[PDB]
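*Asks:* Can you read through this structure? Questions will come right after.
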Amino acid sequence: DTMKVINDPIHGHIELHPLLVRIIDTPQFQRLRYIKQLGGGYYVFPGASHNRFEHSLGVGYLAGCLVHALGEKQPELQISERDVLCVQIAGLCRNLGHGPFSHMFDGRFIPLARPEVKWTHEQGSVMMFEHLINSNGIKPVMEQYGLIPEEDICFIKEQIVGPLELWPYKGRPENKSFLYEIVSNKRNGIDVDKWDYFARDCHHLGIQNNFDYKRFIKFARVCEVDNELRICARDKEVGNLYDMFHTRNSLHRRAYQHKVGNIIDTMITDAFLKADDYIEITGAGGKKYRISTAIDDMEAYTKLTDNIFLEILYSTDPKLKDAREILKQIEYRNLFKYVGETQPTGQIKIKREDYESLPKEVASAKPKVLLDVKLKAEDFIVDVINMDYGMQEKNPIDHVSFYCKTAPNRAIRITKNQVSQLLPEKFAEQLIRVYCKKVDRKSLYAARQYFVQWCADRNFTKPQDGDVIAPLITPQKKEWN
Amino acid sequence: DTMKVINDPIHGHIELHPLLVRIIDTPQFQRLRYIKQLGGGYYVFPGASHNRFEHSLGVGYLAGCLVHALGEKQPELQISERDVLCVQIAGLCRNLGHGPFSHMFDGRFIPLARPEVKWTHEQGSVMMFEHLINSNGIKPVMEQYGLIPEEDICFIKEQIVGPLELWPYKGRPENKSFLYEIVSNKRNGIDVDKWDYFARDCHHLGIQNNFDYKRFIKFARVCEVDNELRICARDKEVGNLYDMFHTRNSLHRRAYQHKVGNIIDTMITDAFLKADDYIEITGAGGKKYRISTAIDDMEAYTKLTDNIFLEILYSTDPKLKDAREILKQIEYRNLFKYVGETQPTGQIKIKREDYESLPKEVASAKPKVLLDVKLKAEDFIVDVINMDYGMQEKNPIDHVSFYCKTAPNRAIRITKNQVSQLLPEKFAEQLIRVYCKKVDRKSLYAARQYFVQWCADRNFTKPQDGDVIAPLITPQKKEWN
Amino acid sequence: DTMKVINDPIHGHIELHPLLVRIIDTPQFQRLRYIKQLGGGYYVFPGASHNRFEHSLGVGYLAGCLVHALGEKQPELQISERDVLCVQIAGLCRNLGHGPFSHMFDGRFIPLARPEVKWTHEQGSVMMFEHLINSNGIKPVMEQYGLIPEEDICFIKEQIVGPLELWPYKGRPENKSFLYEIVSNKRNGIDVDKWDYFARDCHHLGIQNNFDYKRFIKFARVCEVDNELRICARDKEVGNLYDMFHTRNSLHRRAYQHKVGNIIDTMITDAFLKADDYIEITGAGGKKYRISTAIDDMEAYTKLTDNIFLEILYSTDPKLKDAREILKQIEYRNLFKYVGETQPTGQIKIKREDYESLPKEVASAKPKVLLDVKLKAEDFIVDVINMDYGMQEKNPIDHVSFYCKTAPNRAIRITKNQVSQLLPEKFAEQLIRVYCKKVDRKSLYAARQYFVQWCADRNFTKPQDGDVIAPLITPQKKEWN
Amino acid sequence: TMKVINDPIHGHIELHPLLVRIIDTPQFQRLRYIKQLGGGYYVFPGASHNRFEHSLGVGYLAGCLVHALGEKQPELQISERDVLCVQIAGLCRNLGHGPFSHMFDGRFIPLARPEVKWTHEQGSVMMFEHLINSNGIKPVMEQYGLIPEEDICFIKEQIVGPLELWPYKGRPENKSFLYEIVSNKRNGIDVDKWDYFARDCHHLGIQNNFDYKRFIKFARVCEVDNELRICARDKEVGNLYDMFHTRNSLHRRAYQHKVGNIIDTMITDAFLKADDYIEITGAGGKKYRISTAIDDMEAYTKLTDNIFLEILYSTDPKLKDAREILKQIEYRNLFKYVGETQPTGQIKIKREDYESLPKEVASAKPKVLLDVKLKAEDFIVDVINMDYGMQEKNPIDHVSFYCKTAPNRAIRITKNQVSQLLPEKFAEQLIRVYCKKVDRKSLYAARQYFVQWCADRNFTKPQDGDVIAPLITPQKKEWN
Ligand SMILES: O=c1ccn([C@H]2C[C@H](O)[C@@H](COP(=O)(O)OP(=O)(O)OP(=O)(O)O)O2)c(=O)[nH]1
Ligand SMILES: O=c1ccn([C@H]2C[C@H](O)[C@@H](COP(=O)(O)OP(=O)(O)OP(=O)(O)O)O2)c(=O)[nH]1
Ligand SMILES: O=c1ccn([C@H]2C[C@H](O)[C@@H](COP(=O)(O)OP(=O)(O)OP(=O)(O)O)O2)c(=O)[nH]1
Ligand SMILES: O=c1ccn([C@H]2C[C@H](O)[C@@H](COP(=O)(O)OP(=O)(O)OP(=O)(O)O)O2)c(=O)[nH]1
Ligand SMILES: [Mg+2]
Ligand SMILES: [Mg+2]
Ligand SMILES: [Mg+2]
Ligand SMILES: [Mg+2]
Ligand SMILES: [Mg+2]
Ligand SMILES: [Mg+2]
Ligand SMILES: [Mg+2]
């Protein structure tokens with residue numbers, strides 16, 4: 001059993017250690033071939049056909065590169081081949097828990113189908129990894145390559161989902177803390193997962209990013225902070241780190257939160273909810289599950305992928321008619337109509353409990369205009385998107401350590417006004433999109449009136465095309481000229 | 001309504017006339033989102049997740065570009081917007097007939113399952129297009145934008161499949177003959193389908209494209225040739241044209257005919273053959289069809305995509321067990337073993353009717369090696385591959401017309417001797433790959449002995465690793481020494 | 001005289017009209033092959049070997065593309081072939097006036113060698129262009145192609161530098177106002193010049209470009225604004241527009257204002273100063289000129305290129321001993337040492353009239369630490385960089401007109417709060433870099449103490465490595481630590 | 001300390017301080033002023049890259065290959081000293097290039113110094129010696145664990161071959177594979193090629209189809225004929241053929257572009273007419289000509305593309321002629337391409353026949369009525385040898401391969417074992433004819449002369465033959 005080489009368009013020829021090969025050649029890993037990275041985004045960007053599989057290969061590769069580079073530059077860290085392999089496996093397996101259409105499933109479907117439970121794709125990754133190991137005889141292969149199953153499996157899980165419950169990690173001591181910053185960085189969000197999806201998503205979407213992860217790896221060091229060994233960036237790179245997050249935000253603005261892509265994720269979520277009772281997925285022993293309950297049994301979850309979209313589309317049963325028809329609306333491109341975008345003002349934000357009261361509000365506005373129809377709450381969709389730098393209101397660069405050329409072992413901090421005045425003032429904000437399920441001319445005119453009026457009543461930002469879609473409405477708001 | 005813009009990672013922003021949008025937004029066309037361009041190639045090249053949908057868009061785009069450029073450079077040709085639109089539609093629609101995993105379906109599955117039928121994906125494209133037209137109310141929409149459905153539908157079909165039966169075409173007169181050279185070039189095979197797949201497949205496989213189609217388009221012109229108007233190329237580009245085909249060959253050698261990709265297509269085909277008596281696909285009138293019979297009913301064929309792979313894989317029915325098992329062999333990477341490659345020598349050419357008897361020849365070989373395993377004919381797979389420049393044994397550049405700078409309307413011919421002595425001396429050859437369905441070490445050893453002996457017996461070429469995998473066989477053959 | 005095609009790595013195959021061909025093949029234009037786009041940047045980024053020549057080709061090409069797109073989308077604008085050609089000529093010729101090492105010349109050398117005159121590369125471009133036209137008999141070729149030299153030459157120069165002085169233009173009337181927005185946009189800075197250098201500089205530097213100019217071109221219209229027919233962008237694009245400026249900023253930060261690249265431009269500049277009495281360039285009639293004076297005779301300026309750097313370098317004349325030695329220090333990489341970067345705080349704005357006072361202040365600072373060596377004013381360099389969005393303190397997007405899909409001919413305005421709260425609050429800032437000419441250790445320590453103390457006294461931002469380069473000085477400033 | 005350089009081709013490359021010290025010398029920095037493709041820049045405007053960045057690239061790739069070999073196979077005993085020597089060799093193998101690169105050693109020198117045997121290789125060795133001596137590199141080398149006597153010899157041998165049975169001195173036979181990296185005299189597969197494939201493609205606007213990273217990943221060292229040599233994996237053989245095919249393509253499209261070559265020729269002519277009058281100052285203040293600068297490394301250090309601009313800008317009337325040719329380049333008044341043909345049969349044209357060629361063309365007697373009579377000073381005949389790097393031989397016959405099943409056993413693979421669609425021949429010649437007189441009538445004449453000549457010598461029919469000379473072509477029965 002030898003290394004295999006895989007050719008990836010992003011990273012080139014990637015070498016895979018035989019243990020990694022063993023992990024990859026399982027139903028649990030191969031499942032990721034049938035889950036689109038960007039979910040419904042493929043229906044807007046036809047280049048975005050990539051799946052979580054190739055992305056995961058990429059993450060394992062980059063984890064390997066960063067750990068090896070650190071060990072190579074700093075022998076005093078005593079990074080072992082075992083550490084390298086463990087970081088590699090963590091990188092390969094942190095996407096194991098994604099469901100159909102990726103972030104649609106944990107972001108939209110699950111919270112609606114099962115409001116009581118709090119599921120994340122990370123927990124799904126830990127559970128799925130445990131099921132892969134246990135179902136495929138991986139433990140003895142691990143020990144066969146000088147890994148210690150007990151400690152190392154724990155380590156892998158921890159890298160993926162953080163502490164399983166003062167130094168909180170049991171997989172590795174403080175003197176190897178930096179290993180936990182590579183795959184999924186809880187501290188500042190700077191990790192190789194972001195790097196792979198930046199490059200890969202850009203390559204498939206046909207839009208480009210200027211973040212250079214290779215450069216970052218070149219200047220990465222391990223230095224001591226707060227009695228921990230942590231990864232530090234070279235000082236002169238601070239400007240680039242800021243740009244990194246800018247790139248993230250840009251990618252969210254252009255692709256990941258494209259209004260139509262989001263409405264397609266919403267319509268698919270909708271079809272999944274109408275189908276949940278009727279689609280049977282066989283789990284362990286023979287117990288049958290639903291889409292919403294498959295997350296309870298990894299055997300059933302292994303068979304839960306993008307495929308059910310087509311399963312719903314191709315079905316003939318009356319019980320699935322309503323599900324089916326929605327999907328067909330997607331095929332005919334009869335999508336819900338986008339009405340518009342606005343934002344709250346001040347330090348006023350919309351929290352999660354108010355999300356379902358919003359269609360009603362939009363429907364409750366009184367545009368002093370004569371309409372041919374009346375719309376009700378059920379006719380509107382209100383989608384609230386949080387855009388941030390990955391730590392709510394915080395600046396993540398406040399949580400990065402730097403080192404300078406004159407004392408490369410000394411960690412320091414760099415504040416925002418040590419860098420530039422042209423940087424953002426805040427680091428979190430909310431976008432509000434409104435869509436109408438009635439797609440005829442009249443109803444959409446009406447919808448625009450209700451919408452702009454609702455914006456005026458709540459002192460939100462003036463829609464960019466406000467003066468065009470509601471000329472009778474905008475003048476009442478003097479703050480809009 | 002109005003035109004749309006699509007961002008494609010290969011061509012950038014592609015503009016779509018609303019009629020094209022109407023054609024694309026149908027089940028018949030959207031179907032192509034669920035058919036991988038390279039079929040089983042994705043299982044070897046993880047970047048190759050692209051489907052026939054995006055490829056089809058790219059082809060329609062390029063057909064548009066070429067006809068437009070011709071029109072702009074030579075107004076005397078009288079190309080109308082109607083012509084442009086019909087060529088764009090043909091470009092968009094020549095891929096409509098592809099089945100699950102593309103060339104696996106018409107190259108491997110149909111020939112085995114329905115050997116009495118002479119099916120091609122092109123015919124499939126014509127029937128599927130007829131069904132899209134009729135099921136989606138397209139004719140009046142065509143009339144609305146200035147097209148004449150009778151004639152123009154004829155024209156499109158002819159561009160896809162050739163004459164539906166001296167001028168054999170009824171969709172356009174001889175003075176527009178060059179328009180038939182764009183989408184699917186029956187004369188020499190230089191068309192825009194190739195250009196799109198060169199660039200897109202290369203972009204996704206992580207292999208770099210050598211061919212510059214924009215350059216070609218800039219130096220394309222129409223000239224009179226044998227009382228016919230044809231697309232001719234600038235003389236200086238003749239080398240480039242040769243390189244084009246070289247590229248095609250290279251792509252076939254590295255990717256499209258990859259030994260493992262091919263064995264994967266073969267295993268999927270085997271599974272389909274074993275699932276064929278059980279999978280039912282509802283056609284028109286609620287009539288039932290099989291995977292093998294879907295091609296007789298466009299309503300059923302519409303529902304026949306890559307999804308069946310998963311339908312088979314997730315099935316619980318005992319009667320599907322076998323098929324299911326084969327697919328599971330794929331997930332665990334327990335694939336049929338590659339034994340070797342050889343070629344015929346002299347002027348021996350393997351006939352299509354001789355294919356079936358080949359594993360029997362191999363099993364009946366008598367290698368002088370001691371073996372603890374005897375293999376039967378049914379243990380061997382023999383895959384015969386015809387590699388050519390697209391016109392069997394002919395040089396396609398002998399079917400290209402050129403023009404000179406000084407006389408831009410005088411068509412000429414250029415022979416291979418006028419170009420280089422470093423070019424191929426033949427334009428077709430056969431590659432014979434042998435595989436073994438028994439994957440154990442002993443079986444693979446024995447299979448290697450049989451294979452090399454069979455090569456010796458038939459005076460085929462010495463396998464590249466012959467001296468290594470069969471050191472006791474290769475000495476007997478003096479022509480190899 | 002027919003069309004030529006040029007292959008360019010950025011744009012691919014550029015078609016050049018015979019008139020542009022005749023303009024390009026002159027000494028005046030070919031001169032640009034010998035002037036590096038990024039001056040001293042090549043000494044830091046080895047891929048940046050590109051010259052002003054190819055950039056000029058790119059700019060001309062894109063100007064052509066934009067005017068052409070505008071014309072095909074809106075025939076009512078009556079754009080003529082004349083217009084296309086003049087916009088192309090302006091695009092081709094707007095870089096004609098650059099001098100040795102590009103921005104080094106008009107940005108450092110001329111302002112120091114000739115404080116009394118106000119000169120810029122744009123004026124250089126108009127003068128050079130006039131010279132080209134008259135020395136090469138271009139007017140009759142222009143007339144041969146249907147141009148009208150009187151108004152068209154004016155139109156071209158106007159596009160390059162603006163009004164030569166109510167509507168202030170002679171070349172074209174108000175209903176063609178948008179044509180003045182293409183090559184050099186004096187209203188908001190969005191023009192094709194920027195687009196070409198984004199793409200080209202990124203290609204050569206090894207940094208990736210994230211601005212998509214083809215998308216912009218595709219979404220651009222012409223609308224009525226304040227009695228003028230201006231170019232408007234789709235509302236949707238607003239985010240991207242902001243990103244466009246961000247990119248510009250990033251490119252300045254990473255490459256164009258690189259500390260070492262700037263110090264190299266400085267050393268080259270003062271070498272030119274040392275050589276300014278002693279080098280002779282033969283001008284019109286046979287007169288002699290200096291490097292600082294070739295600016296006054298176009299025939300002399302034609303021979304002023306990067307070549308001069310080598311003249312000095314290769315010289316043996318004792319009169320040039322000083323200059324020469326400096327260039328040699330660049331060859332051995334014995335450069336002035338960088339000691340730090342800081343910014344002003346509050347409302348403080350370092351004026352040009354004060355630059356000269358800066359090295360004296362640093363030498364005047366009294367650090368309060370043990371120094372082995374004293375440094376004087378001559379030992380310091382202070383470089384002041386003005387970073388902005390190209391309109392000083394103003395937001396350029398406030399000066400951009402938009403349109404919505406609902407009523408495409410209806411120009412509108414978009415404000416910053418209508419886009420994002422994560423945007424810059426300020427659109428201009430200043431960076432202050434300090435270097436020391438004395439390069440030994442002790443000198444460097446000294447320079448660091450002086451510098452940090454100076455930042456402390458001037459109430460400037462605390463240097464990033466401040467606690468490391470001068471620990472004994474930093475705790476005296478309460479706002480800092 | 002170490003330095004990081006951002007290259008558009010390879011990304012962020014790390015240079016050891018020793019390499020930095022070698023690089024920060026006038027002898028090395030000189031390469032910033034010499035264009036990789038010379039006159040090619042006047043046809044492909046993206047092709048502005050110089051030898052400096054290419055040299056960095058070659059150094060980097062040499063380091064990559066030797067390091068990969070070392071990591072996969074510890075038993076080879078590759079030391080950091082070996083690594084450094086191979087890097088230095090890659091970094092320095094382009095040091096001997098003159099103005100406009102291959103124009104200088106390919107066109108100028110053979111016409112100006114026909115008695116000398118000169119290669120950019122020899123110049124690289126001499127320039128390396130001079131660089132080492134003029135900058136005190138030896139003690140820096142010793143400082144980083146190098147042994148100057150052995151190692152300098154090793155580097156020179158890597159660049160130019162043996163200096164004159166194991167013919168090498170810098171390293172023994174068990175390190176033979178080290179000699180296959182920077183300049184492979186055995187089959188021509190080396191990192192120099194790989195770098196220029198990628199860089200030239202990047203700047204030309206043509207896409208490279210050879211994947212050298214894949215090659216590096218698959219390369220191993222195996223024992224072959226009592227040497228340890230680099231071996232490629234068997235199944236890569238196709239790709240190897242493609243590599244040479246790629247080389248040929250690049251020559252067809254760019255390096256041997258008709259107009260690119262005529263521009264190189266015009267520049268050469270200008271240098272020839274300038275050579276008696278340009279003065280370069282070398283050691284001891286002594287003076288040298290362009291054609292003699294190669295005899296003194298101090299003066300060669302100052303010999304770059306700048307010469308072009310020194311000639312164009314000159315005011316000295318002695319340099320008038322020279323200056324006027326370059327000016328015609330600026331006005332795009334170039335010698336006119338009349339056509340391309342090829343020898344048939346076993347006929348092969350040798351260098352010593354070259355100068356006789358314009359004479360034969362002017363002596364041909366086209367049976368058409370003309371207006372001007374052309375002479376043998378109005379014609380230019382350029383002869384191009386296109387091959388796979390080893391004249392008539394197949395370089396793949398000089399590659400060692402290994403198989404997955406026995407990775408330490410080297411094997412050979414023949415052409416017939418790979419494909420019948422491969423070339424039957426591995427070398428050929430292209431004959432281009434240009435005319436120095438650019439009027440329509442002289443051009444028509446030149447065409448008639450050219451085709452008549454092609455017929456007389458039984459050469460191949462020019463591609464535009466029927467068009468540029470409809471009265472000449474139907475005579476030659478073999479073209480019909
Ligand atoms: O010319 C090629 C051939 C293959 N690949 C890719 C496909 C795959 O992702 C990786 C490895 O395939 P390869 O053919 O090298 O390995 P293999 O099929 O498993 O052969 P073997 O087991 O004999 O090493 O390289 C390329 O990029 N270029
Ligand atoms: O910043 C962006 C936004 C979108 N796209 C792509 C996505 C899509 O393939 C195409 C068009 O999307 P767009 O957002 O422009 O169209 P739309 O969503 O239909 O908006 P509208 O109907 O209002 O024009 O361009 C980009 O490349 N970059
Ligand atoms: O295979 C090629 C050949 C040329 N070029 C470039 C070189 C140049 O930048 C442009 C045009 O050169 P071309 O050879 O096509 O024109 P020409 O030399 O002037 O020949 P002719 O006058 O017969 O058209 O195309 C390529 O990119 N690829
Ligand atoms: O954001 C950047 C900055 C620089 N470079 C390039 C330029 C150069 O080729 C190489 C190294 O430059 P750098 O600025 O990192 O090194 P330096 O100027 O020598 O700084 P220092 O000596 O303090 O490490 O990286 C980039 O690619 N991106
Ligand atoms: Mg394998
Ligand atoms: Mg994350
Ligand atoms: Mg839309
Ligand atoms: Mg075809
Ligand atoms: Mg030409
Ligand atoms: Mg430095
Ligand atoms: Mg060589």
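Within each chain, counting starts at residue 1; across the structure tokens, chains are named A, B, ... in the order shown, with ligands numbered 1 upward in that order.
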Could the residues of chain A within 6 Å of chain B, counting only C-alpha atoms, be given as a PyMOL selection string, please?
*Replies:* chain A and resi 8-9+25-27+46-47+49-50+54+205-206+331-333
*Asks:* Write out as a PDB file with C-alpha atoms, in the first residue's frame each polymer residue (protein, DNA or RNA) that has an atom no more than 10 Å from ligand 10, with only C-alpha atoms and all ligand atoms counted.
*Replies:*
ATOM      1  CA  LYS A 405      11.846  40.955  11.654  1.00  0.00           C
TER       2      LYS A 405
ATOM      3  CA  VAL C  44      11.474  44.293  -6.011  1.00  0.00           C
ATOM      4  CA  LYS C 259       9.094  50.632   0.955  1.00  0.00           C
ATOM      5  CA  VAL C 260      12.103  49.236  -0.885  1.00  0.00           C
ATOM      6  CA  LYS C 337      17.826  51.207   5.339  1.00  0.00           C
ATOM      7  CA  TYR C 338      14.137  51.383   6.200  1.00  0.00           C
TER       8      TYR C 338
ATOM      9  CA  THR D   1      19.197  35.915   6.421  1.00  0.00           C
ATOM     10  CA  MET D   2      17.057  34.262   3.750  1.00  0.00           C
ATOM     11  CA  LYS D   3      15.079  36.249   1.184  1.00  0.00           C
ATOM     12  CA  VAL D   4      11.671  35.665  -0.369  1.00  0.00           C
ATOM     13  CA  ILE D   5      10.959  36.712  -3.954  1.00  0.00           C
TER      14      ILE D   5
END
*Asks:* What's the 7 Å shell around stretch 411-415 of chain A, counting only C-alpha atoms, without same-chain residues fewer than 3 positions away, as an mmCIF file with N, CA, C and O atoms, in the first residue's frame?
*Replies:*
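Final file, out-v5.cif:
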data_model
loop_
_atom_site.group_PDB
_atom_site.id
_atom_site.type_symbol
_atom_site.label_atom_id
_atom_site.label_comp_id
_atom_site.auth_asym_id
_atom_site.auth_seq_id
_atom_site.Cartn_x
_atom_site.Cartn_y
_atom_site.Cartn_z
ATOM 1 N N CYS A 223 5.110 31.415 17.944
ATOM 2 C CA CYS A 223 5.657 32.243 19.019
ATOM 3 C C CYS A 223 4.852 32.055 20.297
ATOM 4 O O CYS A 223 3.725 31.563 20.257
ATOM 5 N N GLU A 224 5.417 32.465 21.429
ATOM 6 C CA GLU A 224 4.751 32.280 22.721
ATOM 7 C C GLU A 224 3.832 33.449 23.114
ATOM 8 O O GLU A 224 4.247 34.608 23.101
ATOM 9 N N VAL A 225 2.587 33.120 23.461
ATOM 10 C CA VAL A 225 1.594 34.091 23.921
ATOM 11 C C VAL A 225 0.796 33.517 25.087
ATOM 12 O O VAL A 225 0.319 32.383 25.006
ATOM 13 N N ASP A 398 -7.736 41.937 15.954
ATOM 14 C CA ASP A 398 -7.389 42.189 17.346
ATOM 15 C C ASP A 398 -6.985 40.896 18.028
ATOM 16 O O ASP A 398 -6.400 40.916 19.101
ATOM 17 N N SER A 401 -1.764 37.407 16.529
ATOM 18 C CA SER A 401 -0.454 37.784 17.032
ATOM 19 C C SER A 401 0.555 37.955 15.899
ATOM 20 O O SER A 401 0.572 37.178 14.938
ATOM 21 N N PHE A 402 1.398 38.976 16.023
ATOM 22 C CA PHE A 402 2.417 39.244 15.024
ATOM 23 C C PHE A 402 3.832 39.149 15.578
ATOM 24 O O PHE A 402 4.050 39.131 16.786
ATOM 25 N N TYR A 403 4.799 39.069 14.680
ATOM 26 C CA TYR A 403 6.185 39.122 15.096
ATOM 27 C C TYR A 403 6.904 40.034 14.136
ATOM 28 O O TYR A 403 6.493 40.177 12.984
ATOM 29 N N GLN A 418 -3.006 51.526 13.823
ATOM 30 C CA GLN A 418 -1.603 51.318 13.505
ATOM 31 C C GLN A 418 -1.488 50.858 12.066
ATOM 32 O O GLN A 418 -0.389 50.678 11.552
ATOM 33 N N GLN C 464 4.499 49.883 14.242
ATOM 34 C CA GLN C 464 4.047 48.515 14.487
ATOM 35 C C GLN C 464 5.052 47.701 15.289
ATOM 36 O O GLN C 464 4.670 46.879 16.113
#
*Asks:* Any idea which chain D residues end up within 7 Å of chain B if we count only C-alpha atoms, as a PyMOL selection string please?
*Replies:* chain D and resi 207-209+234+403+406+413+417+420-426+428+460-464
*Asks:* Please, what distance in Å, to one decimal, runs between atom CA of residue D:147 and atom CA of residue D:81?
*Replies:*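 Atom CA of residue D:81 lies at a distance of 8.8 Å from atom CA of residue D:147.
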*Asks:* With only C-alpha atoms as the counted atoms, please give the residues lying no more than 10 Å from stretch 275-291 of chain D, apart from itself and same-chain residues fewer than 6 positions off, as JSON, numbers by chain.
*Replies:* {"C": [314, 315, 316], "D": [98, 99, 104, 108, 109, 110, 111, 112, 113, 269, 297, 298, 299, 300, 301, 302, 303, 304, 307, 310, 311, 316, 318, 319, 322]}
*Asks:* Can you tell me which residues come within 9 Å of ligand 11 when counting only C-alpha atoms and all ligand atoms, ideally as a PyMOL selection string?
*Replies:* chain D and resi 182-185+188-190+192-193+389
*Asks:* Store the residues picked out above in a file with N, CA and C atoms, as a PDB file, in the first residue's frame.
*Replies:*
ATOM      1  N   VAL D 182      20.363  20.606 -14.313  1.00  0.00           N
ATOM      2  CA  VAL D 182      20.416  21.976 -14.822  1.00  0.00           C
ATOM      3  C   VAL D 182      20.552  22.032 -16.346  1.00  0.00           C
ATOM      4  N   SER D 183      21.435  21.201 -16.882  1.00  0.00           N
ATOM      5  CA  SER D 183      21.644  21.154 -18.322  1.00  0.00           C
ATOM      6  C   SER D 183      21.932  19.727 -18.726  1.00  0.00           C
ATOM      7  N   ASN D 184      20.886  19.018 -19.116  1.00  0.00           N
ATOM      8  CA  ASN D 184      20.975  17.597 -19.384  1.00  0.00           C
ATOM      9  C   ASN D 184      21.531  17.320 -20.776  1.00  0.00           C
ATOM     10  N   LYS D 185      22.823  17.011 -20.844  1.00  0.00           N
ATOM     11  CA  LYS D 185      23.484  16.692 -22.109  1.00  0.00           C
ATOM     12  C   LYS D 185      23.066  15.337 -22.684  1.00  0.00           C
ATOM     13  N   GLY D 188      18.372  16.095 -22.944  1.00  0.00           N
ATOM     14  CA  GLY D 188      17.863  17.459 -23.013  1.00  0.00           C
ATOM     15  C   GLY D 188      16.675  17.762 -22.107  1.00  0.00           C
ATOM     16  N   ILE D 189      16.328  16.821 -21.236  1.00  0.00           N
ATOM     17  CA  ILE D 189      15.226  17.047 -20.306  1.00  0.00           C
ATOM     18  C   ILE D 189      15.786  17.676 -19.035  1.00  0.00           C
ATOM     19  N   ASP D 190      15.607  18.989 -18.872  1.00  0.00           N
ATOM     20  CA  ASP D 190      16.124  19.670 -17.681  1.00  0.00           C
ATOM     21  C   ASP D 190      15.281  20.875 -17.254  1.00  0.00           C
ATOM     22  N   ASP D 192      15.795  24.056 -16.981  1.00  0.00           N
ATOM     23  CA  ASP D 192      15.884  25.263 -17.788  1.00  0.00           C
ATOM     24  C   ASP D 192      14.699  25.337 -18.770  1.00  0.00           C
ATOM     25  N   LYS D 193      14.529  24.263 -19.541  1.00  0.00           N
ATOM     26  CA  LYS D 193      13.372  24.107 -20.428  1.00  0.00           C
ATOM     27  C   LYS D 193      12.040  24.366 -19.726  1.00  0.00           C
ATOM     28  N   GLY D 389      16.228  18.197 -30.199  1.00  0.00           N
ATOM     29  CA  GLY D 389      17.362  18.513 -29.346  1.00  0.00           C
ATOM     30  C   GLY D 389      18.601  17.657 -29.529  1.00  0.00           C
TER      31      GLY D 389
END
*Asks:* So the first atom is atom CA of residue B:383 and the second is atom CA of residue B:433; what is the distance between them in Å, to one decimal place?
*Replies:*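 Atom CA of residue B:433 lies 5.1 Å from atom CA of residue B:383.
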*Asks:* Using DSSP on the backbone coordinates, identify the residues of stretch 319-357 of chain C assigned to strand (DSSP E or B); present them as a PyMOL selection string.
*Replies:* chain C and resi 337-342
*Asks:* Any chance you could export the current selection's C-alpha atoms as an mmCIF file, in the first residue's frame?
*Replies:*
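Writing the result to selection20.cif gives the following:
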data_model
loop_
_atom_site.group_PDB
_atom_site.id
_atom_site.type_symbol
_atom_site.label_atom_id
_atom_site.label_comp_id
_atom_site.auth_asym_id
_atom_site.auth_seq_id
_atom_site.Cartn_x
_atom_site.Cartn_y
_atom_site.Cartn_z
ATOM 1 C CA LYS C 337 17.826 51.207 5.339
ATOM 2 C CA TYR C 338 14.137 51.383 6.200
ATOM 3 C CA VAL C 339 13.542 52.261 9.835
ATOM 4 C CA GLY C 340 9.797 52.817 10.078
ATOM 5 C CA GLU C 341 6.289 53.907 9.156
ATOM 6 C CA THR C 342 3.814 56.109 10.997
#
